[PDB]
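Each remark here refers to the structure printed beneath this line.
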Number of protein chains: 2
Amino acid sequence: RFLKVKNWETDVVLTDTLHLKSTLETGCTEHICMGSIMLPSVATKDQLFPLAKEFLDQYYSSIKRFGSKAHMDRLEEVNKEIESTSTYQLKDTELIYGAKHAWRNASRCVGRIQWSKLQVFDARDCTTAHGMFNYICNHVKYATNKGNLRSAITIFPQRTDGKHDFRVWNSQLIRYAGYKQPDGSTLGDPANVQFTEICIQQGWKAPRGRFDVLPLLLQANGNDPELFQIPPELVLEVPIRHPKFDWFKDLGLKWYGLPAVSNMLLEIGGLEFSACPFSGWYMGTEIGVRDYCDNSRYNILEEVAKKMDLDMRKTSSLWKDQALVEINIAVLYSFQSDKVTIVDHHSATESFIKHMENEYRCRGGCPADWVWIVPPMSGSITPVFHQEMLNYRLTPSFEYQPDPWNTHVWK
Amino acid sequence: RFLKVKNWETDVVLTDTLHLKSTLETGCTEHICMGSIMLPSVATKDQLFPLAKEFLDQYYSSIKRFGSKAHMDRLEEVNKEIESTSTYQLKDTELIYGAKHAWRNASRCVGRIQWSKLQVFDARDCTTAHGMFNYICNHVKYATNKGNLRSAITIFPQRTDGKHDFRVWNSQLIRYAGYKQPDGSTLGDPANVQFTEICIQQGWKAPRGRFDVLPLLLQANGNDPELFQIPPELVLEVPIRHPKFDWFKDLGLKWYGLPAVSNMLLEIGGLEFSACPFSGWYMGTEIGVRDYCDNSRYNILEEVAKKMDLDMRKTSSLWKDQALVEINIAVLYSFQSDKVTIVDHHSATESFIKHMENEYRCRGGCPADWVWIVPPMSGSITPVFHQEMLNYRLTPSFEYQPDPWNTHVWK
Ligand code: HEM
Ligand code: HEM
Ligand SMILES: Cc1cc(N)nc(CCCN2CCN(C)CC2)c1
Ligand SMILES: Cc1cc(N)nc(CCCN2CCN(C)CC2)c1
Ligand SMILES: C[C@H](O)[C@H](O)[C@H]1CNc2nc(N)[nH]c(=O)c2N1
Ligand SMILES: C[C@H](O)[C@H](O)[C@H]1CNc2nc(N)[nH]c(=O)c2N1
Ligand SMILES: [Zn+2]
């Protein structure tokens with residue numbers, strides 16, 4: 001009931017009591033653990049008020065005014081709004097608190113040490129696709145800060161009935177296109193081959209190359225979505241070069257600077273924000289391991305091994321491992337030499353351990369998903385590999401949601 | 001109730017129904033996932049018969065004779081033995097079946113594709129420490145097969161009352177010693193510093209070097225344990241050299257060929273075998289990542305980076321990642337050039353995926369612990385990283401047990 005997590009590299013123990021405030025369900029049972037399943041699985045006023053009260057009770061507890069008259073009046077004020085309107089509206093302060101704690105509670109995020117320095121852009125007055133584009137352009141420009149990347153979120157109107165949803169149909173604001181070929185192979189990013197098609201079905205004219213930035217597909221208030229091109233001056237890109245291998249430039253790789261997730265749902269006080277793009281900075285391995293070396297993404301270990309003059313016959317020559325490291329030295333060096341913010345999996349995992357220590361002290365724990373927190377290379381020479389972690393669902397939270405093209409009434 | 005696991009690199013889906021036969025508990029609840037906790041947590045005749053029947057019902061189902069007279073008579077025969085003796089004895093066939101399925105059911109083992117080719121040595125007639133030594137020497141000689149390693153297990157008498165336990169106090173039959181120093185640092189393997197002391201307290205005379213093979217501390221029938229030196233001709237070792245770097249020989253590293261776990265408990269039909277050493281062959285990363293590069297083990301990334309002429313100032317130069325790969329190319333090359341059996345994390349993880357496919361087809365699933373199955377380097381360029389896995393506890397099984405020095409009445 002008051003569980004213990006141990007670190008097996010330092011023999012450090014921490015006691016978790018925050019998991020008592022956990023609410024949602026994990027997918028695991030007493031007889032089965034699903035902690036490696038990727039996606040485990042209209043709101044009414046009956047459910048809304050307990051969720052609002054639970055959220056408000058922790059908000060007012062956070063500003064040192066638990067249960068005061070200002071608290072009780074806001075509780076009644078919201079209770080009466082849910083009675084009248086069958087929903088309610090967050091104060092700006094509550095919105096910023098809510099957003100910051102959805103990040104704080106993101107168990108799959110290794111970067112949460114930064115959770116309190118989030119810039120929240122309130123876009124709940126938006127009504128059109130064009131307004132979303134404008135709001136999203138300002139988000140991009142701010143978060144990029146000329147390479148001095150700053151974390152931020154832009155929050156579009158909450159879900160009302162269900163058929164009037166604000167949605168960014170892109171999974172990230174900046175992604176490269178994926179084109180299949182007549183010979184079956186893929187140009188660009190295979191991940192986005194389907195979304196790259198949908199843009200064309202809606203009228204996008206593709207430059208059909210490698211690193212072609214996709215347009216935005218913005219759906220406002222349930223209406224059919226619309227295409228907008230992000231001004232290229234707003235899309236910062238880093239060309240990937242190596243500090244030793246000069247042939248690495250001829251690989252002609254590059255990546256975008258701003259990681260900005262746009263397909264998730266923000267839950268605050270039982271209110272659902274279906275469009276809530278949020279951005280930080282990359283850990284190098286996201287690019288240099290997954291984006292570049294997944295078999296089903298850019299898949300470059302092939303060429304990189306070739307140019308290094310590697311034994312590619314035997315699997316046991318570790319030619320894949322050796323080329324994977326060079327690629328990540330180059331992603332980091334390129335970003336740093338350009339002064340674009342990035343963190344290596346060593347610094348980032350060390351910071352999460354120190355974050356964890358801060359959380360258990362001043363909060364009673366920190367939900368953490370080991371499967372996602374451990375980096376995709378060199379796992380056990382980073383400190384989080386040896387750190388036991390308890391995973392549980394706290395609110396406010398970011399949640400997955402269906403891709404909007406599978407659920408949307410059209411025209 | 002009939003769950004689905006997905007592979008996110010191949011889009012392959014498999015349906016798990018074997019988890020219905022799961023029995024023990026995982027430590028997880030509907031509200032908390034503990035799949036990253038390392039160790040989550042006298043038998044009477046009331047509990048023994050359901051466990052015996054459940055085991056016998058699956059044994060006789062495995063030889064195509066479910067519920068026959070030969071089955072029903074064995075059920076009654078065991079029921080009457082548990083009535084008379086408050087325990088029972090397995091047939092040799094049932095012992096071999098039991099042992100093979102404890103391996104098959106080992107969710108943290110990536111090598112299970114081999115589970116049916118296990119050599120089972122029945123040592124239930126053993127009565128003395130010296131007998132254990134003899135049985136264990138024959139196990140070592142057989143499993144090593146001059147480097148053509150063969151999987152095997154030796155099974156000492158089952159637990160009767162509790163104070164008459166057979167125990168191998170070593171955690172592995174072959175381990176290197178760990179000596180602290182006057183200046184605090186450690187010589188050899190820091191993992192075994194405590195056990196290396198216990199041997200001395202019992203009278204071991206240490207050659208106090210690096211790779212000094214520890215003696216065996218064998219406890220028979222509850223009596224105080226006794227020290228035996230494995231004949232050095234029986235302990236096969238590989239010196240670690242690199243196929244490119246000739247200075248790598250001067251590192252003077254070497255490792256033993258035979259991985260042989262001796263501190264776990266084998267459960268079959270509700271009977272507990274407290275001494276049951278079992279052995280296979282190494283995956284290279286067990287040596288070259290964990291044993292060699294854990295901060296709390298040999299910790300060699302220091303020197304290896306030095307001799308490679310690496311940028312060791314910045315963390316983001318990935319000098320640790322680069323040296324980690326070289327060390328694992330060398331472990332593999334050394335073992336192979338000596339014809340000592342070993343598997344690289346690529347071949348081994350590929351084989352486990354194909355094992356998984358075999359299991360789901362002919363068995364309805366395969367319990368698997370993602371946290372342990374993914375190798376400690378290059379995680380996502382191996383296929384198991386992208387494979388969802390369901391973890392659950394099947395019996396027969398290998399279980400953890402307390403270290404015997406913490407629990408043993410002495411003299
Ligand atoms: C500022 C630096 C940040 C770093 C270094 C970082 C690091 C990471 C990494 C490596 C992942 C795993 C992504 C993947 O493997 O696909 C992740 C996931 C995640 N990030 Fe963070 N992140 C940062 C900022 C943020 C911010 C500002 C938010 C929200 C406001 C956020 C919310 C999340 C969530 C909810 C997930 C997991 C959900 C999912 O992606 O499936 N992150 N982060
Ligand atoms: C034959 C080749 C084998 C390979 C390549 C292999 C591979 C592995 C690896 C890499 C681990 C993780 C160990 C660690 O990280 O400390 C492991 C664990 C395990 N192995 Fe296998 N193994 C093999 C044979 C066997 C055999 C013959 C048995 C039993 C009869 C067995 C039972 C287990 C169990 C029960 C565990 C997990 C329990 C624990 O170690 O905590 N293995 N194996
Ligand atoms: C804000 C942010 C920062 C960062 N450094 N990285 C991310 C990546 C999140 C990937 N999610 C889940 C996987 N999904 C396939 C794509 C979306 C987000
Ligand atoms: C039979 C076998 C083969 C193999 N290749 N590897 C192993 C290692 C098992 C490590 N276990 C758990 C961790 N524990 C600290 C030590 C004992 C066993
Ligand atoms: C904290 C975590 O449970 C612990 O470090 C685990 C992680 N995964 C592992 N996986 C394997 N194969 N072996 C281990 O010792 C561990 N250690
Ligand atoms: C099967 C498994 O759930 C899946 O491949 C996960 C594993 N861990 C991950 N960890 C991170 N950070 N990102 C991912 O996409 C994944 N994928
Ligand atoms: Zn779990």
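Please note that chains go A, B, ... in the order of the structure tokens, that every chain numbers its residues from 1, and that ligands are numbered from 1 in the order shown.
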
Give the residues of chain A that lie within 6 Å of chain B; count only C-alpha atoms, and format the answer as a PDB file with N, CA, C and O atoms, in the first residue's frame.
ATOM      1  N   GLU A  25      -7.042   2.930 -15.033  1.00  0.00           N
ATOM      2  CA  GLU A  25      -6.581   1.554 -14.974  1.00  0.00           C
ATOM      3  C   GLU A  25      -5.456   1.326 -15.976  1.00  0.00           C
ATOM      4  O   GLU A  25      -5.369   1.998 -17.008  1.00  0.00           O
ATOM      5  N   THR A  26      -4.583   0.375 -15.645  1.00  0.00           N
ATOM      6  CA  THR A  26      -3.326   0.174 -16.353  1.00  0.00           C
ATOM      7  C   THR A  26      -3.413  -0.842 -17.479  1.00  0.00           C
ATOM      8  O   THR A  26      -2.530  -0.861 -18.344  1.00  0.00           O
ATOM      9  N   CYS A  28      -3.109  -3.972 -16.695  1.00  0.00           N
ATOM     10  CA  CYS A  28      -2.596  -5.136 -15.984  1.00  0.00           C
ATOM     11  C   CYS A  28      -3.632  -5.661 -14.998  1.00  0.00           C
ATOM     12  O   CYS A  28      -4.506  -4.931 -14.528  1.00  0.00           O
ATOM     13  N   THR A  29      -3.520  -6.948 -14.674  1.00  0.00           N
ATOM     14  CA  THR A  29      -4.288  -7.532 -13.587  1.00  0.00           C
ATOM     15  C   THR A  29      -3.325  -8.241 -12.651  1.00  0.00           C
ATOM     16  O   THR A  29      -2.110  -8.284 -12.884  1.00  0.00           O
ATOM     17  N   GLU A  30      -3.879  -8.796 -11.576  1.00  0.00           N
ATOM     18  CA  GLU A  30      -3.091  -9.629 -10.677  1.00  0.00           C
ATOM     19  C   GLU A  30      -2.489 -10.831 -11.391  1.00  0.00           C
ATOM     20  O   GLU A  30      -1.523 -11.420 -10.892  1.00  0.00           O
ATOM     21  N   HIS A  31      -3.029 -11.211 -12.545  1.00  0.00           N
ATOM     22  CA  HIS A  31      -2.588 -12.410 -13.235  1.00  0.00           C
ATOM     23  C   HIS A  31      -1.917 -12.127 -14.577  1.00  0.00           C
ATOM     24  O   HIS A  31      -1.426 -13.066 -15.209  1.00  0.00           O
ATOM     25  N   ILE A  32      -1.862 -10.874 -15.026  1.00  0.00           N
ATOM     26  CA  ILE A  32      -1.193 -10.572 -16.290  1.00  0.00           C
ATOM     27  C   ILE A  32      -0.646  -9.151 -16.257  1.00  0.00           C
ATOM     28  O   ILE A  32      -1.308  -8.213 -15.804  1.00  0.00           O
ATOM     29  N   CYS A  33       0.577  -8.999 -16.752  1.00  0.00           N
ATOM     30  CA  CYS A  33       1.207  -7.702 -16.881  1.00  0.00           C
ATOM     31  C   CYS A  33       1.271  -7.331 -18.353  1.00  0.00           C
ATOM     32  O   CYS A  33       1.825  -8.093 -19.161  1.00  0.00           O
ATOM     33  N   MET A  34       0.696  -6.167 -18.687  1.00  0.00           N
ATOM     34  CA  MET A  34       0.646  -5.625 -20.042  1.00  0.00           C
ATOM     35  C   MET A  34       1.548  -4.408 -20.222  1.00  0.00           C
ATOM     36  O   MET A  34       1.367  -3.635 -21.172  1.00  0.00           O
ATOM     37  N   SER A  36       4.163  -3.895 -21.605  1.00  0.00           N
ATOM     38  CA  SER A  36       4.802  -3.743 -22.908  1.00  0.00           C
ATOM     39  C   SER A  36       3.801  -3.598 -24.053  1.00  0.00           C
ATOM     40  O   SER A  36       4.213  -3.568 -25.216  1.00  0.00           O
ATOM     41  N   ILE A  37       2.499  -3.529 -23.761  1.00  0.00           N
ATOM     42  CA  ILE A  37       1.510  -3.278 -24.803  1.00  0.00           C
ATOM     43  C   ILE A  37       1.515  -1.787 -25.097  1.00  0.00           C
ATOM     44  O   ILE A  37       1.531  -0.963 -24.171  1.00  0.00           O
ATOM     45  N   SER A 316      27.109 -11.390 -36.262  1.00  0.00           N
ATOM     46  CA  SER A 316      27.866 -11.294 -35.019  1.00  0.00           C
ATOM     47  C   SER A 316      29.053 -10.343 -35.098  1.00  0.00           C
ATOM     48  O   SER A 316      29.752 -10.175 -34.092  1.00  0.00           O
ATOM     49  N   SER A 317      29.301  -9.719 -36.252  1.00  0.00           N
ATOM     50  CA  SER A 317      30.279  -8.642 -36.335  1.00  0.00           C
ATOM     51  C   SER A 317      29.776  -7.340 -35.720  1.00  0.00           C
ATOM     52  O   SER A 317      30.560  -6.394 -35.596  1.00  0.00           O
ATOM     53  N   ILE A 329      26.307   9.958 -32.675  1.00  0.00           N
ATOM     54  CA  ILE A 329      27.335  10.982 -32.481  1.00  0.00           C
ATOM     55  C   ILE A 329      27.131  12.128 -33.466  1.00  0.00           C
ATOM     56  O   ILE A 329      27.267  13.307 -33.109  1.00  0.00           O
ATOM     57  N   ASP A 344      21.542  14.342 -25.089  1.00  0.00           N
ATOM     58  CA  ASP A 344      21.921  12.964 -25.347  1.00  0.00           C
ATOM     59  C   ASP A 344      21.235  12.061 -24.330  1.00  0.00           C
ATOM     60  O   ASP A 344      20.800  12.510 -23.265  1.00  0.00           O
ATOM     61  N   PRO A 376      16.584   3.578 -26.634  1.00  0.00           N
ATOM     62  CA  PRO A 376      16.592   2.452 -27.568  1.00  0.00           C
ATOM     63  C   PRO A 376      17.972   1.959 -27.976  1.00  0.00           C
ATOM     64  O   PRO A 376      18.048   1.156 -28.908  1.00  0.00           O
ATOM     65  N   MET A 377      19.049   2.456 -27.359  1.00  0.00           N
ATOM     66  CA  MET A 377      20.406   1.940 -27.529  1.00  0.00           C
ATOM     67  C   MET A 377      21.113   2.103 -26.193  1.00  0.00           C
ATOM     68  O   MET A 377      20.760   2.971 -25.387  1.00  0.00           O
ATOM     69  N   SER A 378      22.082   1.229 -25.943  1.00  0.00           N
ATOM     70  CA  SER A 378      22.972   1.372 -24.790  1.00  0.00           C
ATOM     71  C   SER A 378      22.195   1.398 -23.478  1.00  0.00           C
ATOM     72  O   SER A 378      22.557   2.099 -22.529  1.00  0.00           O
ATOM     73  N   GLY A 379      21.098   0.639 -23.439  1.00  0.00           N
ATOM     74  CA  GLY A 379      20.162   0.743 -22.333  1.00  0.00           C
ATOM     75  C   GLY A 379      20.815   0.689 -20.965  1.00  0.00           C
ATOM     76  O   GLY A 379      20.593   1.564 -20.124  1.00  0.00           O
ATOM     77  N   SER A 380      21.666  -0.320 -20.731  1.00  0.00           N
ATOM     78  CA  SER A 380      22.141  -0.550 -19.371  1.00  0.00           C
ATOM     79  C   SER A 380      23.377   0.258 -19.013  1.00  0.00           C
ATOM     80  O   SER A 380      23.840   0.159 -17.879  1.00  0.00           O
ATOM     81  N   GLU A 388      14.189   0.639 -10.712  1.00  0.00           N
ATOM     82  CA  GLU A 388      12.816   0.159 -10.691  1.00  0.00           C
ATOM     83  C   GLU A 388      11.865   1.345 -10.772  1.00  0.00           C
ATOM     84  O   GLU A 388      12.141   2.410 -10.220  1.00  0.00           O
ATOM     85  N   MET A 389      10.741   1.147 -11.454  1.00  0.00           N
ATOM     86  CA  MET A 389       9.781   2.222 -11.698  1.00  0.00           C
ATOM     87  C   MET A 389       8.367   1.694 -11.540  1.00  0.00           C
ATOM     88  O   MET A 389       8.042   0.621 -12.054  1.00  0.00           O
ATOM     89  N   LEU A 390       7.524   2.450 -10.847  1.00  0.00           N
ATOM     90  CA  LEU A 390       6.114   2.108 -10.734  1.00  0.00           C
ATOM     91  C   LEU A 390       5.344   2.948 -11.747  1.00  0.00           C
ATOM     92  O   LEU A 390       5.570   4.162 -11.857  1.00  0.00           O
ATOM     93  N   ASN A 391       4.487   2.293 -12.529  1.00  0.00           N
ATOM     94  CA  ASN A 391       3.670   2.971 -13.525  1.00  0.00           C
ATOM     95  C   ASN A 391       2.222   2.984 -13.065  1.00  0.00           C
ATOM     96  O   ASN A 391       1.664   1.942 -12.696  1.00  0.00           O
ATOM     97  N   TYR A 392       1.622   4.169 -13.085  1.00  0.00           N
ATOM     98  CA  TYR A 392       0.225   4.329 -12.744  1.00  0.00           C
ATOM     99  C   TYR A 392      -0.254   5.627 -13.390  1.00  0.00           C
ATOM    100  O   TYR A 392       0.549   6.460 -13.828  1.00  0.00           O
TER     101      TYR A 392
END

Might you pull out every residue within 9 Å of residue A:116, with only C-alpha atoms counted and same-chain residues fewer than 4 positions away left off, and present them as a PyMOL selection string? chain A and resi 97+100-101+103-104+112

May I have the residues from that selection written out with C-alpha atoms, as a PDB file, in the first residue's frame?
ATOM      1  CA  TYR A  97      -1.851  24.191 -13.948  1.00  0.00           C
ATOM      2  CA  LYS A 100       1.712  21.478 -16.635  1.00  0.00           C
ATOM      3  CA  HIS A 101       0.546  18.464 -14.615  1.00  0.00           C
ATOM      4  CA  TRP A 103       3.158  16.697 -18.615  1.00  0.00           C
ATOM      5  CA  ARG A 104       4.316  16.017 -15.045  1.00  0.00           C
ATOM      6  CA  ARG A 112       9.709  15.657 -17.303  1.00  0.00           C
TER       7      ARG A 112
END

Residues within 12 Å of residue B:134, only C-alpha atoms, excluding chain neighbours under 4 positions, as a tab-separated table (two decimals) with N, CA, C and O atoms, in the first residue's frame:
chain	number	residue	atom	x	y	z
B	123	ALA	N	19.63	-36.16	-9.44
B	123	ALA	CA	20.51	-36.32	-8.28
B	123	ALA	C	19.71	-36.45	-6.99
B	123	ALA	O	20.20	-36.13	-5.91
B	126	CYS	N	21.28	-38.17	-3.92
B	126	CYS	CA	22.41	-37.55	-3.24
B	126	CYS	C	22.10	-37.37	-1.76
B	126	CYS	O	20.95	-37.12	-1.37
B	127	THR	N	23.12	-37.52	-0.92
B	127	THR	CA	22.95	-37.33	0.52
B	127	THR	C	24.00	-36.44	1.17
B	127	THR	O	23.78	-36.01	2.31
B	128	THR	N	25.14	-36.18	0.54
B	128	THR	CA	26.24	-35.47	1.17
B	128	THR	C	26.71	-34.33	0.29
B	128	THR	O	26.44	-34.29	-0.92
B	129	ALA	N	27.42	-33.39	0.92
B	129	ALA	CA	28.09	-32.32	0.18
B	129	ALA	C	29.03	-32.90	-0.87
B	129	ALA	O	29.03	-32.45	-2.02
B	130	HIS	N	29.84	-33.89	-0.49
B	130	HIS	CA	30.77	-34.49	-1.45
B	130	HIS	C	30.02	-35.08	-2.63
B	130	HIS	O	30.49	-35.01	-3.77
B	138	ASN	N	30.26	-33.53	-12.73
B	138	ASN	CA	29.77	-34.21	-13.92
B	138	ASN	C	28.85	-33.31	-14.74
B	138	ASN	O	28.83	-33.39	-15.97
B	139	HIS	N	28.06	-32.48	-14.07
B	139	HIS	CA	27.24	-31.51	-14.79
B	139	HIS	C	28.12	-30.58	-15.60
B	139	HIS	O	27.93	-30.43	-16.81
B	140	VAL	N	29.12	-29.98	-14.96
B	140	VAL	CA	30.03	-29.06	-15.65
B	140	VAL	C	30.67	-29.73	-16.86
B	140	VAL	O	30.68	-29.19	-17.97
B	141	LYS	N	31.24	-30.93	-16.66
B	141	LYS	CA	31.93	-31.58	-17.77
B	141	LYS	C	30.98	-31.85	-18.92
B	141	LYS	O	31.32	-31.59	-20.09
B	154	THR	N	20.85	-30.25	-13.04
B	154	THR	CA	21.04	-31.30	-12.04
B	154	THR	C	20.12	-31.01	-10.86
B	154	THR	O	20.14	-29.91	-10.32
B	216	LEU	N	33.10	-24.01	-4.64
B	216	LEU	CA	31.69	-24.31	-4.42
B	216	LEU	C	31.41	-24.41	-2.93
B	216	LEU	O	32.21	-24.97	-2.17
B	218	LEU	N	28.63	-26.02	-0.83
B	218	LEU	CA	27.51	-26.93	-1.02
B	218	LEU	C	26.93	-27.35	0.32
B	218	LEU	O	27.66	-27.84	1.19
B	228	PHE	N	34.46	-26.85	-1.93
B	228	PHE	CA	35.08	-27.77	-2.89
B	228	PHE	C	35.59	-26.97	-4.08
B	228	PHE	O	34.87	-26.13	-4.62
B	229	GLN	N	36.82	-27.26	-4.50
B	229	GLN	CA	37.43	-26.60	-5.65
B	229	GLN	C	37.10	-27.38	-6.92
B	229	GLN	O	37.45	-28.56	-7.03
B	230	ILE	N	36.46	-26.72	-7.88
B	230	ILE	CA	36.19	-27.37	-9.17
B	230	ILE	C	37.53	-27.62	-9.83
B	230	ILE	O	38.37	-26.71	-9.89
B	231	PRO	N	37.81	-28.84	-10.32
B	231	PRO	CA	39.07	-29.09	-11.01
B	231	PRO	C	39.26	-28.10	-12.14
B	231	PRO	O	38.36	-27.90	-12.97

Among stretch 242-335 of chain B, which ones does DSSP place in alpha helix (DSSP H), written as a list in words?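 Checking each residue of stretch 242-335 of chain B, the alpha helix (DSSP H) ones are residues 284, 285, 292, 293, 301, 302, 303, 304, 305, 306, 307, 319, 320, 321, 322, 323, 324, 325, 326, 327, 328, 329, 330, 331, 332, 333, 334 and 335 of chain B.
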
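With atom CA of residue A:62 on one side and atom CA of residue A:135 on the other, the separation reads 29.4 Å.
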
Which protein, DNA or RNA residues have an atom within 10 Å of ligand 3, counting only C-alpha atoms and all ligand atoms, as a PyMOL selection string? chain A and resi 38+103+108-112+151-153+171-172+191+257-264+277-287+342-343+372+400

Restricting the output to C-alpha atoms, write the selected residues as an mmCIF file, in the first residue's frame.
data_model
loop_
_atom_site.group_PDB
_atom_site.id
_atom_site.type_symbol
_atom_site.label_atom_id
_atom_site.label_comp_id
_atom_site.auth_asym_id
_atom_site.auth_seq_id
_atom_site.Cartn_x
_atom_site.Cartn_y
_atom_site.Cartn_z
ATOM 1 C CA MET A 38 1.693 -0.024 -26.768
ATOM 2 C CA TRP A 103 3.158 16.697 -18.615
ATOM 3 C CA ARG A 108 6.386 7.605 -20.802
ATOM 4 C CA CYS A 109 8.301 10.932 -20.893
ATOM 5 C CA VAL A 110 11.971 10.981 -19.879
ATOM 6 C CA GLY A 111 12.095 14.772 -20.122
ATOM 7 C CA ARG A 112 9.709 15.657 -17.303
ATOM 8 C CA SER A 151 8.636 23.921 -24.371
ATOM 9 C CA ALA A 152 5.088 24.986 -25.175
ATOM 10 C CA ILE A 153 1.519 23.806 -25.712
ATOM 11 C CA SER A 171 0.613 13.320 -35.721
ATOM 12 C CA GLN A 172 3.305 16.013 -35.383
ATOM 13 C CA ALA A 191 5.708 6.211 -41.142
ATOM 14 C CA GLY A 257 14.514 20.833 -34.853
ATOM 15 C CA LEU A 258 11.102 20.931 -33.184
ATOM 16 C CA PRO A 259 9.402 17.747 -31.841
ATOM 17 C CA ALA A 260 5.736 18.683 -31.502
ATOM 18 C CA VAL A 261 3.087 16.043 -30.878
ATOM 19 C CA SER A 262 -0.354 16.954 -32.186
ATOM 20 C CA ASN A 263 -2.473 13.763 -32.180
ATOM 21 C CA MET A 264 -3.015 13.327 -28.428
ATOM 22 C CA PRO A 277 -0.135 20.299 -29.858
ATOM 23 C CA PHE A 278 2.822 20.383 -27.466
ATOM 24 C CA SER A 279 6.544 20.573 -28.137
ATOM 25 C CA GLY A 280 9.924 20.286 -26.467
ATOM 26 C CA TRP A 281 13.369 19.339 -27.727
ATOM 27 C CA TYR A 282 14.694 16.046 -29.026
ATOM 28 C CA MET A 283 16.711 13.420 -27.268
ATOM 29 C CA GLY A 284 19.242 12.479 -29.917
ATOM 30 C CA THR A 285 18.194 8.827 -29.986
ATOM 31 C CA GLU A 286 14.681 9.651 -31.193
ATOM 32 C CA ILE A 287 16.244 10.718 -34.508
ATOM 33 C CA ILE A 342 19.179 18.649 -27.999
ATOM 34 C CA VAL A 343 20.024 16.251 -25.180
ATOM 35 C CA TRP A 372 9.485 3.789 -22.685
ATOM 36 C CA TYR A 400 -4.154 8.641 -27.045
#

Between A:47, A:357, A:120, A:305, smallest distance to residue A:98 by only C-alpha atoms belongs to A:120

Can you tell me how far atom CA of residue B:217 sits from atom CA of residue B:170, in Å to one decimal? 6.3 Å

Considering only C-alpha atoms, can you say which of A:199, A:331, A:227, A:206 comes closest to residue A:256? A:331

Taking only C-alpha atoms into account, name the residue in B:78, B:174, B:15, B:190 that is nearest to residue B:55. B:78

Counting only C-alpha atoms, what is within 8 Å of residue B:304, bar same-chain residues fewer than 4 positions away, as a ChimeraX atom specification? /B:300,308,323,327

Give me, as a PyMOL selection string, the residues of stretch 180-367 of chain A that a backbone DSSP run labels strand (DSSP E). chain A and resi 180+186-188+216-219+226-228+237-239+254-256+260-261+265-268+271-273+278-279+282-283+342-343

Residues at most 9 Å from residue B:75, counting only C-alpha atoms, excluding those fewer than 4 positions away in the same chain, as a VMD selection string? chain B and resid 52 to 53 56 to 57 70 to 71 79 to 80

Which of these residues is nearest to ligand 1, using only C-alpha atoms and all ligand atoms: A:155, A:13, A:82, A:177?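 Ranked by minimum distance to ligand 1, first place goes to A:155.
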